[PDB]
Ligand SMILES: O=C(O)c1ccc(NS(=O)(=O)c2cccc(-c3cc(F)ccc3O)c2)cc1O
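One chain is shown next in structure tokens, namely the form deposited without the ligand.
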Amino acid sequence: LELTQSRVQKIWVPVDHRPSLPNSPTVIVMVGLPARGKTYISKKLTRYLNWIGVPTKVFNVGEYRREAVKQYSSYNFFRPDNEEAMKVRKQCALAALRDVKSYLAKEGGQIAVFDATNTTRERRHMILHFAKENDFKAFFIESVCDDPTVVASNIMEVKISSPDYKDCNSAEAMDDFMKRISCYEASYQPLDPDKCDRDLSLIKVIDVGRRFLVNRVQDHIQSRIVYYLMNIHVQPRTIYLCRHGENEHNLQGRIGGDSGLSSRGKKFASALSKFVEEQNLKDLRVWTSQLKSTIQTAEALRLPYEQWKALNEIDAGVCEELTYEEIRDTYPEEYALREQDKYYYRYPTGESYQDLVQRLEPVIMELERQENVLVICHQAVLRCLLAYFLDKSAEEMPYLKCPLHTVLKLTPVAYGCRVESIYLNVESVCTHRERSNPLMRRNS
């Protein structure tokens, strides 16, 4: 009824004249033998939830273990008859759960990913008890895969080169790790939604996503997690990101708008076409925004492309078509507010980087399902997408560097994405702007 508009995020809020006074968090429990992609799922899911704004953190019991033990000697550390190490392993689990408690009850976290094997009913029972007693929801993710080819390949890809094997050649690293896995085999009790685990909320991922069993999804975040797990795959592939060729507003320093390519932006577009041909890709999808400059760039390729409105550049609202010099002059306060809080700032009647993230989510979801893809887009859009793939925070996203006429080439390696930059050697202007009391204290 009486409301004021917040100056940064442009949100209407009730005017509070007295500010002097005055949906449980969730633990995701990983389950499975070693080298089943538990840690891979932990990190990727966490990169997703963070980028869409649900604060999430991975608690990797193995890293608590390395912290406490220092150098790994061999699989003998994991024998079920190793009384002292079984004890230390338990201690690492319980220290991880203490931090889980602190994260969720004290540091404003919403999702805690408890990444360990959790292969016995007894250990899962204790985790349930800890969640109940603290009022957290529990959701279980079990990865099941007995294909020896996938296990072998997982070991080569992430295990022989982990810190546990700093000292090792490949063949013996592999040999140690195989025996380490067989340590857990005799006591492993897979999740059983028919009998014993009927009242648990869970997903079983089977044969790398070929099949899934889902029991009792409870809420908003749980059903998204399941949809996300069902749409990612481990096939190797490549993602290319770039901006439209230089346009005429770029030549004028003007933001937003819908102008066409300059003669350089056009020369870039032919360079992009030769570059793509030289990559020699089997099938390649091409995506653009609905703005003219990205579409003119894609036409030079002579490949089919799809236009997405969700890839249009951030909307500057009343500042569209203006230069930054015009904005500082006409809207000095809006100018200063954007520089102090560039992620959360919304242009009047336009958008923030925060809004851009929400709108790009379906683009990200579909990119997960594709193989080879080239995305021709815009400066602020490209920073968002890059923040997702490279795991950058919200505070750094609006400052990521993404110059004109340069392709960022992303390849899946280990637990994330390697980025490689290829500048296509066509000049263009620079659109990157770096991050930028006296009277308001006494002795005025």
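Between two forms, the rigid core is the largest collection of C-alphas that superpose within 1.5 Å. Just count from 1 along the sequence shown to find any residue number.
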Note to self: Please tell me which region, 162-170 or 285-293, has C-alphas lying farther from the displayed form on average in 9 other deposited structures of this protein, with superposition done on the core.
What the structure shows: 162-170
Note to self: Quick check on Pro22: across the other compared entries (only those modelling residues on both sides), is it unmodelled in a third or more?
What the structure shows: yes
Check: What size is the break between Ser436 and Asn437 in terms of deposited sequence residues left without coordinates: none, 1 to 3, 4 to 9, or 10 or more?
Finding: 4 to 9
Item checked: Missing residues, deposited sequence, between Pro22 and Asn23 (class: none, 1 to 3, 4 to 9, 10 or more) -> 4 to 9
Note to self: Tell me which stretch has the larger mean Cα B-factor in this entry, 125-133 or 345-353.
What the structure shows: 125-133
Next item on the list: Could you check which stretch, 277-285 or 297-305, carries the larger mean CA temperature factor in the entry?
Entry: 277-285
Next item on the list: Tell me which of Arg210, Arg359, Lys204, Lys292 tops the list for C-alpha B factor in the record.
Entry: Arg210
Check: Say you rank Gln218, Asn154, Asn118, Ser259 by Cα B-factor from the PDB entry; which sits at the top?
Finding: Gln218
Note to self: Lowest, middle or highest third: which one holds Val15 when the chain's residues are ordered by CA B-factor from the entry?
What the structure shows: highest
Notebook entry, point to check: Can you tell me which third, lowest, middle or highest, the CA B-factor of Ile422 falls into for its chain?
Noted result: lowest
Next item on the list: Would you mind checking where the Cα B-factor of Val54 ranks among the modelled residues of its chain, as the lowest, middle or highest third?
Entry: highest
Next item on the list: Relative to the other modelled residues of the same chain, rank the CA B-factor of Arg328 and answer lowest, middle or highest third.
Entry: highest
Next item on the list: Could you tell me which third, lowest, middle or highest, the C-alpha B-factor of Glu395 occupies within its chain?
Entry: middle
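Omitted from view is the form deposited with the ligand bound, to which the following refers.
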Next item on the list: Select from the listed residues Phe78, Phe136, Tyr103, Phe139 the one whose heavy atoms reach within 4.5 Å of the ligand in the deposited bound form.
Entry: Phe78
Next item on the list: Name the single residue among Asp329, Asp199, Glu122, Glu278 that comes within 4.5 Å of the ligand in the deposited bound form, judging by heavy atoms.
Entry: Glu122
Check: Based on heavy atom distances of at most 4.5 Å to the ligand in the deposited bound form, which listed stretch, 105-113, 178-186, 358-366, 262-270, is the contact stretch?
Finding: 178-186
Note to self: Is it true that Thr238, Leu374 and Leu410, all three, sit within 4.5 Å of the ligand in the deposited bound form, judged by heavy atoms?
What the structure shows: no
Margin query: Given that the ligand is not shown alongside this chain, does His129 nevertheless sit within 4.5 Å of it in the deposited bound form, heavy atom to heavy atom?
Written below: no
Checklist line | Contact of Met86 with the ligand in the deposited bound form (heavy atom, 4.5 Å) | finding: yes
Notebook entry, point to check: With a 4.5 Å heavy atom cut-off, would you call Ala93 a contact of the ligand in the deposited bound form?
Noted result: yes
Notebook entry, point to check: With the partner left out of view, is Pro55 within 4.5 angstroms of the ligand in the deposited bound form by any non-hydrogen atom?
Noted result: no
